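As structure tokens, one chain now follows by itself in the form deposited in one PDB entry.
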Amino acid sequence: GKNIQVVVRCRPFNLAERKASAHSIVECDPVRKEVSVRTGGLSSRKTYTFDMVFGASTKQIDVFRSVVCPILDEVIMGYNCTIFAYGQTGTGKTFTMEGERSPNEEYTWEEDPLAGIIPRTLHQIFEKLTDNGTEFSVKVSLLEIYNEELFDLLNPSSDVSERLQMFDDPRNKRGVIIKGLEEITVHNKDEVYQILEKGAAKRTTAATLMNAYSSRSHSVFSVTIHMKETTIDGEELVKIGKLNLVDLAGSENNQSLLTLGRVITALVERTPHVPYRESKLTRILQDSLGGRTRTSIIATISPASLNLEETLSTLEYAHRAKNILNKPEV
């Protein structure tokens, strides 16, 4: 058991994989928490074991309830947590972390069944803290890391080529200060959608003008909750919660992903001198990874033979981050 959790989500087939005659090579056993890959067919097949395994049938709501809700509970109690989406471009990192809008109908009191972790997170924060009388405020920031350089995606008025500078925080040795990072106040439950729209417009502008392609860059979405909870005949709680929702660069890409791997592996194995400072991303997230809290990695994969090499590469990366023994085959 552990505060570091590694899970695998397999997306269903697209149409390019079906027409190209590609065949499914991945077996996901949620009950046994196992992913099996036909590397030869019928000979052998390689089995991996993880903390949870979500098959191609998994809905967004199930990912949120299983992975995020236990973590969001710790955030609302006043801790800093991080959830990663790792995997090959096109396997569902952004779909899992952010989700999509359904063009049919219009969800208002109901969550879009395609909404991802970020919208469901903000909606649960607003509904839970309003329902229990908490005096609370919410801030969100969104930055992008390309070529080890930081770009704010929420600054309404910056110069596209302006990169954020990062300084050590004299108050907490494990924290950093991202000078100029825009932090938008979220005033109600649904405001997150227009926030993500502004960030997407800044993202494509940075792509067209600076070649900062979103498939090759990390996206760090941080939600900060300041909380004052008053209970007559109880206590007055002043809490600050922080959840970083990290949509990583495509894993087919270079060293910052391997640095993130060495950090998680070191946190799992409890080896000294976790190499936080060897990459910008892990230095950003040190205060949420260092202080003992909950961290989850959602490793996304494709089931088609077309992507065999990168799927094996992803499972190997997730296995190296948290090595769990395979239970004896039945």
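Note that residue numbering follows the sequence shown and begins at 1.
The same protein also exists as the form deposited with a small molecule bound; that form is not shown, yet it is the one meant from here on.
Comparing 128-136, 229-237, 105-113, 69-77 against the small molecule in the deposited complex, the single stretch with non-hydrogen atoms within 4.5 angstroms of it is 105-113.
For a residue to qualify, one of its non-hydrogen atoms must sit within 4.5 Å of the small molecule in the deposited complex; all three of 100, 199 and 221 qualify. In the deposited complex, at least one heavy atom of residue 118 sits within 4.5 Å of the small molecule. The small molecule is not shown here, and in the deposited complex it never comes within 4.5 Å of any heavy atom of residue 243. The shortest heavy atom separation between residue 83 and the small molecule in the deposited complex exceeds 4.5 Å.
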